[PDB]
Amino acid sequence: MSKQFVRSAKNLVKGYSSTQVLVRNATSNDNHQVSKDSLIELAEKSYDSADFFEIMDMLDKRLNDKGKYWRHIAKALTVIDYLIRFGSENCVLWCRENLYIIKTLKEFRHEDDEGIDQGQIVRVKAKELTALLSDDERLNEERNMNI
């Protein structure tokens, strides 16, 4: 039967739009962090009312991932970082609502494959992130010096 579309056949089954996929691509399961361009492109779609909502929800679905998928949670936090600094005000306030999800990720355990502390990058980045969040002074200044 047909062949190379099968990658995109998957996303259709679950009903992911290209915006949901670009987030799913940005938070991939490999190691390469997030591409420099993908972030500003998600920064643009953060203003787009429809896309915006698709983005936020996908990160929350990515933040509450298993112990095994440390990289989803690793990349997700860098994405959430780029939006609160470059994207819309909508982005910051969203995080403030479900702030407990980030505070919980401070303590993430995954030293199982096969002993290496892989889940520290998750802990540290979250702690590093929410530190930037809770303060009001350092937020508004960074945004003014970006746009």
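Note that residue numbering follows the sequence shown and begins at 1.
Asker: Which has higher Cα B-factors on average according to the PDB entry: 60-68 or 107-115?
Answerer: In the deposited entry, the stretch with the higher C-alpha B-factor mean is 107-115.
Asker: Would 97-105 or 37-45 have the larger average of its C-alpha temperature factors, as given in the entry?
Answerer: For C-alpha atoms only, the mean B-factor is higher in 97-105.
Asker: Highest recorded C-alpha temperature factor, please, choosing from 134, 11, 25, 19.
Answerer: Of 134, 11, 25, 19, 134 has the highest C-alpha B-factor.
Asker: If you rank the chain by CA B-factor, which third does residue 90 end up in: lowest, middle or highest?
Answerer: Tercile = middle for this residue's CA B-factor.
Asker: Ranking the modelled residues of this chain by C-alpha B-factor as given in the entry, is residue 54 in the lowest, middle or highest third?
Answerer: Its C-alpha B-factor, which the entry lists for residue 54, ranks in the lowest third among residues of this chain.
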